[PDB]
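Structural features, examined
Listed here are the chains, written in short residue letters.
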Amino acid sequence: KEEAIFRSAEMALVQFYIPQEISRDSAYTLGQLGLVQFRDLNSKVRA
Amino acid sequence: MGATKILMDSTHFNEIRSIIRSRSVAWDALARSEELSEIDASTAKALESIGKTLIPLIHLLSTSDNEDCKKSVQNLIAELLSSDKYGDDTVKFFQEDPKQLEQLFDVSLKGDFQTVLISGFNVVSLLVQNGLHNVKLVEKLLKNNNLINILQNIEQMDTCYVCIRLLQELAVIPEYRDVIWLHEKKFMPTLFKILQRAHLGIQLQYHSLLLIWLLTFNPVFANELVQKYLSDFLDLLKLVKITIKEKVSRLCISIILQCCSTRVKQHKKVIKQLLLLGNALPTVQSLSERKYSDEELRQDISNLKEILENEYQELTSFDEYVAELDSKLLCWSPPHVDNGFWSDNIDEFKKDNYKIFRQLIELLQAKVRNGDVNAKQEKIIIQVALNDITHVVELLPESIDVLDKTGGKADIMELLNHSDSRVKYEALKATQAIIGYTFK
Amino acid sequence: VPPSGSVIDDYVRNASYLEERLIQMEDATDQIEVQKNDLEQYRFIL
Amino acid sequence: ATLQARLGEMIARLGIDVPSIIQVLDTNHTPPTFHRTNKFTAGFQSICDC
Amino acid sequence: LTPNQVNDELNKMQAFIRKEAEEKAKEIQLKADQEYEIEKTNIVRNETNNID
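Residues numbered from 1 in each chain as written, not as in the entry; some residues may be left out. Chains lettered and ligands numbered in written order. Part of a larger assembly, values for the part shown. Heavy atoms only, no water. Residues with missing side-chain atoms left out of burial classes, pairs and counts.

For this deposited structure, the header cites cryo-EM as the method used and 3.8 Å as the resolution.

1. A closer look at the overall build of chain D
Looking only at helices and strands, chain D features two helices and one strand. Relative to the compact-globule value of 10 Å for 50 residues, chain D shows a C-alpha radius of gyration of 17 Å, a clear excess of over 25%. In terms of principal-axis extent, the alpha carbons of chain D reach across some 45 × 30 × 15 Å. (Helix = DSSP H or I, 4+ residues; strand = E, 2+ residues; numbered from the N terminus. Rg over C-alpha atoms; globule rule 2.2 N^0.38 Å.)

2. Topic: the interface of chain D and chain A
Contact with chain D, which involves 22 residues of that partner, is made by 18 residues of chain A. Every element with two or more residues in the side of chain D that touches chain A is listed here: α1 (2-14) and β1 (21-24) of chain D. Of the residues assigned to the side of chain D that touches chain A, the class counts are 11 nonpolar, nine polar and two charged. Both strand β1 (residues 14-17) of chain A and β1(D) contribute to a ladder of four bridges, which runs antiparallel. Across the sheet, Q15(A) pairs through a bridge with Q23(D), a residue of β1(D). (Contact = heavy atoms within 4.5 Å. Nonpolar A, V, L, I, M, F, W, Y, C, P; charged D, E, K, R; others polar. Pairing = 2+ DSSP bridges.)

3. Brief notes about the interface of chain B and chain C
Residue-level contacts link seven residues of chain B with five residues of chain C. Here the side of chain B that touches chain C gets four residues from one element, more than from any other, and that element is helix α28 (residues 421-438) of chain B. Of the residues in the side of chain B that touches chain C, the class split is three nonpolar, one polar and three charged.

4. Considerations on the packing of aromatic side chains
Note on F16(A) and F38(A): the rings are 5.9 Å apart at their centroids and 85° apart in plane angle, and the pair reads as edge-to-face. With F16(A) in strand β1 and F38(A) in the segment after α1 (23-32), this residue pair connects regions lying 22 residues apart in the sequence. Residue placement shows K39(D) over the ring face of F40(D); its charged tip is 6.0 Å from the ring centre. (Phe/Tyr/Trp six-rings, centres within 6.5 Å; stacked < 30°, edge-to-face > 60°. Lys NZ or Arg CZ within 6 Å of the ring centre and 35° of its normal.)

5. Considerations on unusual backbone geometry
Non-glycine residue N42(A) carries a positive phi angle of around 35°. Note on placement: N42(A) falls in the segment after α1. One non-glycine residue, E34(B), adopts positive backbone phi at about 70°. Mapped onto the fold, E34(B) is located in the loop between α2 (28-32) and α3 (38-47).

Quick look at the structure:
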């Protein structure tokens, strides 16, 4: 029940309501899924 | 009402209230069975709905002892007290005539394990209201075997929370604190055990730490807490280190800071040093390196770090090093880094014709000649002495002659084959320093 | 997965301790190498 | 759905009492393109998209 | 699933914000009462020394 190479897959922009305390675990696991990017945010200021 | 004391009603503390309400019976035949009075039947009928009525309720709870009508009455009374629709009048029912509060406590301390907490909810609610403190009733409740055993049943956490949160809510009253601590010798260890193991689990950890923190607000009890159960007090730092929720870490840091405050003159600095000797300083530094999202918690961490840094003056006290020398066993304290942090003590060590060097050599020779290199205390003392000797000798190569005359030049070489890895490594470092300095 | 947690700070402290220890060890090793090289010619004398 | 399930499973494993939620925005901005290619055709897809 | 998602989001926001803030505020108030009592003793101690 998943997409294929017929065309570009159905994209989605979902909103992460990450709790502040559990943020490190949430980010670690979410990166472990190997499934999500992160939209470039607050990049208007120097590094 | 003075307060709600819901404590989130997690798991059983509300599930049992709902289930008991579910099994509600009008008990119309009970009055026909003569177990309940006509006023009692009226109380049951009115309570069937989801001032003067508080008298027949207690009268039935006392006179009628089927314990099932008692469970129903306890559930109804607790629901009425909690219900904000008439909770003001429900609280006034003891805020108007607090005389029957003792009779209610005589009724609350009853029932089975499930119903004991149900009654205790109302008991605490009436007790915690600002209209009546009743320290004697609090002491009597603290003396109840059933509730104490329930609070000691940490195996059933879902029920043990209904006890720990109840006690912590009852501990908010400053007056009840004195009696709370007096019987706390049979309550705190379970709370310490609960914190030792680490929504019910987290809430238990947070509520339990709150009771310890609230009780610790009095320095007189704080000294006893630090002394009698120093193991848990030291482990609180590790618990804060491993805690995931910010609230638990904030509570642990606040408890540690309050314990190590300028108050409690019995150990106002003694306990602070004791923690710093319990591997506290690197943990405090690591916590300082963290970015906890709480201004109060961050300020508390900064204050604790400053206190630890101020207590680190124990290293700079050459008198402290001399005292440790007087002690037969030295500890791996910041004094063991006094020379590196303050080379000034090297002159004192050199003085009196290598007086301190001879003392350290004597300590090492006494440890070796008695063996016991596997003994943990002996191993720690030997390692500290070897590290200090390595620091001193490298700071003044002329002491090599004194060490050789003492036989320590070959003694440390023999100790290079010590059983302990730490001891062997420290001996190797010391010998390399001595051999490297003497090679010039 | 076994996420690290405070073991991250543990790793940081462990790495710092390892550098201080092995930097001391390497200084000791090359200093004593200089020492034995100096004496080896000295021992061969006379 | 599967990422939400995994996040909830982790939250239960992590003991974080506060639930985790996620909502889909109005994707005004152009999202990237994806192809769930297997090893059978990953080479072809990559060479094509070069 | 939208009403279910809305209810779940509302519950998550409630648990993360309202309960946590209420608990933190209650703790702050209790610690503030303790600190006020402690500072009162310092003022009480100084004024008692002056009275003596």
